[PDB]
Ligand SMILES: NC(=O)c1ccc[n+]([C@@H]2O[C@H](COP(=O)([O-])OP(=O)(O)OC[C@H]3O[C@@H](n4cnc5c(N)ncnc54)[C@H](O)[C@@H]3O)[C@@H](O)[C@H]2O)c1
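Only one chain is shown below, in structure tokens, and it's the form deposited without the named molecule.
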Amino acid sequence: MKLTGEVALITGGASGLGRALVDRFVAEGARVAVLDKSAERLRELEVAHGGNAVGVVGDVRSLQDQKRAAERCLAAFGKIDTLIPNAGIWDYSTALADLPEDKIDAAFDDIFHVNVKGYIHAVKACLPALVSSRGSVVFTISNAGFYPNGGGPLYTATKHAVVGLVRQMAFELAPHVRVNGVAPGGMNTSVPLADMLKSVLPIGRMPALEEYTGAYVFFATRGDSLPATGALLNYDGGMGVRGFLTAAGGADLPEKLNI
């Protein structure tokens, strides 16, 4: 019950990883405003958490759709303690040499409006409310904001850009708003599952969406993440610490120590 008397806003939270955040957050005493594209999946979400969660149908790319989401949150809950810019769109890990000349301009704009511009507006929209409550932002980054091969050029640049957002907003919004980011990866949400545990994830297992929720709960806990601003907790099963020939270094440790 770590988030008792708390209010959080989550974009793109009516599905995928953002939905897991919702369920968990509610299950922590929190109160979650949700901006998303799906009117149906927002209504199903709302009855799932009776009066602990509100949902506003919108387009994360729209600044106005973000201001509304802020306003409605303020309407029902009267405050905003943790904003979680999260709504993201993928590029199918498409290589540059495979992005066609007649599609690159559209593809760029769409992916950048959702992953970067979407995040900007959210923070812009909620700025009054966050300053008012001296709360925090926790962006959803990704393994792809730090290392390649998590996506194509478009995805990688958009997720490296939200690292800049983490840093610049951590600076600009201080001392009244703490900005942070979590970088999840290797998810139950291109690459074979057998090559995933062997050559990608040192931890050796595809974690459930529920297991990616705690890192966010942390940054949203009143006085547990107070020194945190500008922080980037990489949360991808250890993609940036994997070996050359094998992801895991000591798979055979138990019978190296006769445990």
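Residues that one form lacks are left out of the comparison. In this text, residue numbers run from 1 along the sequence as written. The term rigid core refers to the maximal set of C-alpha atoms that superpose within 1.5 Å between the two forms.
Figure legend: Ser190 is marked as unmodelled in at least a third of the other comparable entries of the protein. Counting the unmodelled positions of the deposited sequence between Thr189 and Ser190 gives a long gap of 10 or more residues.
From this point on, the text means the form solved in complex with the named molecule, which you will not see here.
Within 4.5 Å of the named molecule in the entry with it bound, a heavy atom is found for every one of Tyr119, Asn143 and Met187. Looking at 154-162, 69-77, 120-128, 100-108, the stretch with residues near the named molecule in the entry with it bound, meaning non-hydrogen atoms within 4.5 angstroms, turns out to be 154-162. Although the partner is absent here, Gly58 lies within 4.5 Å of the named molecule in the entry with it bound, judged by heavy atoms. Contact check for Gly88: a heavy atom falls within 4.5 Å of the named molecule in the entry with it bound. Interface membership of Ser38, defined by any non-hydrogen atom within 4.5 Å of the named molecule in the entry with it bound, is confirmed.
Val177 falls outside the set of residues with a heavy atom inside 4.5 Å of the named molecule in the entry with it bound. Residues of 14-32 that come within 4.5 Å of the named molecule in the entry with it bound, judged by any heavy atom, are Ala14, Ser15, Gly16, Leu17, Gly18 in sequence order. Here the rigid core is superposed between the shown form and the other one, and of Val56, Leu209, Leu197, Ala215 the C-alpha of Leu197 is the only one to shift by 2 Å or more. Shifted segments between the shown form and the other one, defined as at least 3 consecutive common residues whose CA atoms all move 2 Å or more after rigid-core fitting, occur once only, at 190-197.
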